[PDB]
Ligand SMILES: *[C@@H]1O[C@H](CO)[C@@H](O)[C@H](O)[C@H]1NC(C)=O
Ligand SMILES: *[C@@H]1O[C@H](CO)[C@@H](O)[C@H](O)[C@H]1NC(C)=O
Ligand SMILES: *[C@@H]1O[C@H](CO)[C@@H](O)[C@H](O)[C@H]1NC(C)=O
Ligand SMILES: *[C@@H]1O[C@H](CO)[C@@H](O)[C@H](O)[C@H]1NC(C)=O
Ligand SMILES: *[C@@H]1O[C@H](CO)[C@@H](O)[C@H](O)[C@H]1NC(C)=O
Ligand SMILES: *[C@@H]1O[C@H](CO)[C@@H](O)[C@H](O)[C@H]1NC(C)=O
Ligand SMILES: *[C@@H]1O[C@H](CO)[C@@H](O)[C@H](O)[C@H]1NC(C)=O
Ligand SMILES: *[C@H]1O[C@H](CO)[C@@H](O)[C@H](O)[C@H]1NC(C)=O
Ligand SMILES: [Ca+2]
Ligand SMILES: [Ca+2]
C-alpha cells in the first residue's frame, strides 16, 4: 500500500534570494502530511513547483501545461489575477482541479467549473466591514483604496449609502506611499477622522508612518483595515498615541495547535519596513490549508491516479469531475478555521473571523464575526 | 505584389450569422484591397478563428495557430480575460496585438506589444463629469451593470471629495426584467438625475421598465456612458420630454462616414433585432466601426514598412518576430481619419486617451447633436 500522488504549484520568481512565503507553505504542508500517519496513510504526496513572473499569463500557461503533462492531480495555481485566470481555463478544459488561495474577480459570464478559492470572499468581508462600521455608529467614513480593483471588491460597501444612513468619500493612494501626504493632508483638512484603508499590510505599514508624521495618529482618528494581516504590523510606535485601529483576522491563533505550527514556520524561516520579522501571513496559511483540504478529498478517492494530459490533445482527465466535487464538499479545520466551500460558487463565503483592535497593550481580540450571527462583541 | 496576412479572433455563433465585429474586419480588408491609394502594391489577406469568448485557453490555442501560419497582427478577442492571454502571447513573440474593446490594464503588467482603439475613460469619465457640471447637478445616482464599471468610472466615483457632488451607487440585477424593484427605490428616493453605466442593449431594456414605472417624464434626466445611443429606438420616449444625454464617437456628421455606414447596413445578414429588443435594425455599433478602423490604422503603418514580411512563430520555440518591435512602434505613431474620428495613440500607454466626441441629447424630434468634447478644450456647447 504505497501510492505516489503529485500536486503541481506555480509560484513567484525570486532570482535574488529566498523562495517566497507561499511556495514555502506549500512544501511545508506536503511534508507535514507525509509525516502524518492519520492523513494519507498509504499515500505519499510528491510535487512539482514551477516559478514564474506573476503577470506573464503566457508563462503561467506553458508551465501549467508542463505539469499536466508530468501528471498532476491539482494545480495550486498562481496568485496574480490575470495569470490565475489563464490557468483556470486550462485546468477546466482538462478537468484538473485548480486551487486558488488569493482573491480575483470572477467575471459573470465565465462558466469554468474546475476550481475553488480559499480566500474569504468579500461579498462577506464587505458585510463584515459594514457590520463593524454600524457598531461604531459612524455616519461619515472615507474609503481609501490602493489599486482600482478594490472598488469591485468593496462594492457592497460603496452601495450602502443608498440603503443605510451613511456618507462616504472615495480617495485613492498614489502608486508610491512615500507621498501619501498630500492626500492625508486633504483628509486632515476635511476632518475625515473615520477611515477605511483598503490595501495590503505592507502598504498599511507605510501609510501609518505618513499618518503619524502628519499628526493623525491620535485619539481623534479611527482606522479600519480590510487587510487580514493586521498582526503582521509593528505596532510599538502607535499603541500609546491612543488612535483606534480595527480590522479582522482569519488566522486562528487563539488555538494552541495553530500557534505551534506557526512557530515551526517562523522557524526554518528568517527594518523601516514596518513589518514584524518571522510572521506567517494569511496568504501562506491558506496555501498550507489548501494542500490539507485537497488531501482530505484524496483520502476518500483511492481509486484515483494521475494522468499525463496534453494541451494540444484534448482529453479531459478521467477522475477530474469526481475529484473536483469531492473537494467542494470538503470540511477541514485548518490554520484559518472552518473551511467549507459554496457548492454554487466554488468560493469561500462562510467562515469565522476574530475582530481585533488596538488597545494600549497592543492588538487584541474584541469579538467575532460569522455571516450567520454577524458581529458578536465581548464586553 | 506582396501578401500580408492579419489574424482575427471573434465570437462564435453556432450557427447563425457572423458577428458584427468579424464582419467589419472582413469588410475593411476588402475595402482597402479595392483601394489603390492604400497598400497599392500590397494585398491584404487574413485568417479568422472563432472561439467562445470566455475560454481564454481556446483563445490562446487559436492565437498560436495564427502565429504559426504567420500573421503581422492579431486583432485579438473582445472579452477581457481572453484578450489578456492573447496580449501576453503577442508580447512574447513580438506580434502587435490590436484591441478594440476596453479592458482593465493591471498596473504591474509590462506587456508592450499592443494598442487599444476604445476611448479610454480616464477621459470618458472626465467627459461624463464635465457634462454633469454643465447641467449643474448636485445629486446623481450611478447605476452600473457588472462590477467592472466601478474601475471604469473611478474618476467619477471620487469626484465627491473634490467638487460639491453627492452620488449614490446602485447596481442592476443580472436580468433587466426585474430592474423594477430598483427603479422603485430610485423613484421613492426622488433620484431624478441618473447615470446608466451599461451596454446599449441593457439601456434599451431599462428605458422600457422606466416608462412602465412612470419615470420617463420632464422630471428625469438620464446620462448614458454607452456610445451607441443612436442604436436605440427612441420613438416611444421623444414625446414624454424626458431628458437623455450621452456621447458619440462615431462621426456620422461626415458624409463619407455616412455612406460607408450605409454599405454596412447593406450586406448585413443578421436577423433584424427581435421586436421588443428596443434596438434599430441595420445599425453599425461603435465596437464594429472600431474594428474597421483598426484594420485601416495598422495598414497605414504597413504602407510605411515594405521591408516587412510575415514569419511562422511557434508558442513552444521562443523566437520573437524580427520586425515586431519596429512595426508595433510604427503603429503607435499612426494617424488616421476613420469612422470614429481622429485616431492617435498615447506613446506611453498604447491607449487612446485623446479623441473627439459629439455630445448628443434627446430633443422632441429625436436624438440630436448639442455640442462637442475633447480632452483639450473640454465641453463645447452650441446654443
Ligand atoms: C479607541 O481608543 C482608545 C484609546 O486608544 C481605547 O481606549 C479604546 O478602547 C479604543 N476603542 C476600541 C474599539 O478599541
Ligand atoms: C453561494 O454564493 C452566493 C452568492 O455569493 C451566496 O449568496 C450563497 O448564500 C452561497 N451559498 C451558500 C451555501 O453559502
Ligand atoms: C457571541 O459571543 C458571546 C460572548 O463572547 C458568546 O457567549 C456567544 O455564544 C456568541 N454567540 C453567537 C451565537 O455567536
Ligand atoms: C481609399 O480610396 C478612396 C477612394 O475610394 C479615397 O477617397 C481614400 O482617400 C482612400 N484611402 C486612403 C488611405 O487614402
Ligand atoms: C431637456 O428638456 C427637454 C425635454 O424634457 C428638452 O426640450 C431639452 O432640450 C432638454 N435639454 C437638453 C440640453 O437636451
Ligand atoms: C496619455 O498621454 C497623455 C499625454 O500625451 C497623458 O496625459 C496621459 O497620462 C497618458 N495616458 C494615461 C492614462 O496615463
Ligand atoms: C467650440 O465650438 C465653436 C462653435 O460652436 C467653435 O467656434 C470653437 O472653435 C470650438 N472651440 C474649440 C476650439 O474647441
Ligand atoms: C496528523 O496531525 C496530528 C499528528 O501529527 C494529528 O493530531 C492530526 O489529527 C493528524 N491529521 C489529521 C487530522 O488527519
Ligand atoms: Ca501521508
Ligand atoms: Ca490595396
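Just so you know, the numbers here start at 1 and follow the chain as drawn.
Using N, Cα and C of the backbone, Cβ positions are placed for all residues, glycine too.
These come from Swiss-Prot:
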DISULFID  B:64-B:315  disulfide bond
CARBOHYD  B:35  N-linked glycosylation site
CARBOHYD  B:41  N-linked glycosylation site
CARBOHYD  B:243  N-linked glycosylation site
CARBOHYD  B:346  N-linked glycosylation site
CARBOHYD  B:380  N-linked glycosylation site
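All features noted in Swiss-Prot, drawn onto the structure.
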residue : record                      : DSSP (3 states)
B:35    : N-linked glycosylation site : coil
B:41    : N-linked glycosylation site : coil
B:64    : disulfide bond              : helix
B:243   : N-linked glycosylation site : strand
B:315   : disulfide bond              : coil
B:346   : N-linked glycosylation site : coil
B:380   : N-linked glycosylation site : strand
Specify the nearest of the recorded positions B:35, B:41, B:64, B:243, B:346 to residue B:380 (N-linked glycosylation site), where nearness means the distance between Cα atoms. B:243
Given a 10 Å Cβ-Cβ cut-off, pick out the one of the glycosylation sites B:41, B:243, B:380 that has the most other Cβ atoms nearby. B:243
The sparsest Cβ environment within 10 Å, among the glycosylation sites B:35, B:346, is found at B:35
The rounded CA-CA distance in Å from residue B:243 (N-linked glycosylation site) to residue B:346 (N-linked glycosylation site) is 34
What glycosylation sites among B:35, B:41, B:380 have a C-beta sitting less than 6 Å from any atom of ligand 5? none
Pairwise CA distance, residue B:35 (N-linked glycosylation site) versus residue B:315 (disulfide bond), rounded so that it is a whole Å: 35
Same chain only, sequence gap of 6 or more: which residues have a CB within under 8 Å of the CB of residue B:315 (disulfide bond)? B:64, B:67, B:68, B:89, B:93
For residue B:41 (N-linked glycosylation site) and residue B:346 (N-linked glycosylation site), the CA-to-CA distance in whole Å is 30
Do any of the recorded positions B:243, B:315, B:346, B:380 touch ligand 7, in the sense that the CB is under 6 Å from one of its atoms? B:380
